[PDB]
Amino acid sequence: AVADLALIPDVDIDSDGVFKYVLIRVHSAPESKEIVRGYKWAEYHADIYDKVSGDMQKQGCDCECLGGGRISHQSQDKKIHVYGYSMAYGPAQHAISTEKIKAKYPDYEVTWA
């Protein structure tokens, strides 16, 4: 009953406009990392968390919301801005979110407020 973290992508983010995102920590069974998740289809951060923590359980992973905020993806100008907070989880450490994002989008100019 071994869960593989190398299979869960660190960043899974939409690609066009402004959307709420969350920084979540997945926990493997006795092993741990943080992941970026943000979608345009969610009115609230809890919605993203529900959906994602749900998928994680199917991979044998435990979830914890370490905060949230917003991502401004400007696919055109190759820019991704990370800022704000989530009212249900508080602010996320956007520095970590941008670390993983910039790693996935090197050609992009990533920043956080």
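All residue numbers are counted from 1 along the displayed sequence.
Missing deposited residues between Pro30 and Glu31: 4 to 9, all without coordinates in the entry. Stretches 13 to 21 and 100 to 108 differ in mean CA B factor, with 100 to 108 having the higher one. The mean C-alpha temperature factor is higher for 77 to 85 when 77 to 85 and 42 to 50 are set side by side. Per the deposited coordinates, the residue with the largest Cα temperature factor out of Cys65, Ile35, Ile71, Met56 is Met56.
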